[PDB]
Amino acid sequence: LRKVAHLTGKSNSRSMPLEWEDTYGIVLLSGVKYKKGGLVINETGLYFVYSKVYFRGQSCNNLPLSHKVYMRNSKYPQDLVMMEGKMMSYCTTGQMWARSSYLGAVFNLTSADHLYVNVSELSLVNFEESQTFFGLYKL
């Protein structure tokens, strides 16, 4: 059975990193764990990892938006950024706006690595399941 995860936005998020829905809707989680915003790798190897986050707001002020996927484990007391995108000057001041950020690539990960997603502006995030998500699979 294939190690795989696809999780969807969780509205609850009060803090960083984001939390994700792991049980309901169009989600998958098999041979990989979810713990406090984090996907926990249990088998060392190559995985393709991806995330999309959907940002939007009533009235643009071009607050920089940042989206990062990062790794943490016990062996070092500091995170490693695996992928990241930043948006600046993305809308016309004062208008309703919306834009997503997409990240996906391959990484060698180790057992007990924990992966997380971070964002600059939690309040601009929209959490619909089809719009905002975080997933991976073992190659």
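All residue numbers refer to positions in the sequence shown, first residue = 1.
- Between the stretches 126-134 and 10-18, it is 10-18 that shows the larger average CA temperature factor.
- Across the two stretches, 50-58 and 27-35, the PDB entry reports the greater mean Cα temperature factor for 27-35.
- When the C-alpha B-factors of 106, 98, 83, 109 are read from the PDB record, the largest value belongs to 109.
- Per the PDB record, residue ranking by Cα B-factor puts residue 40 in the lowest third of the chain.
- When all modelled residues of the chain are sorted by CA temperature factor, residue 63 is found within the highest third.
- The PDB entry assigns residue 5 a C-alpha temperature factor belonging to the lowest third of its chain's modelled residues.
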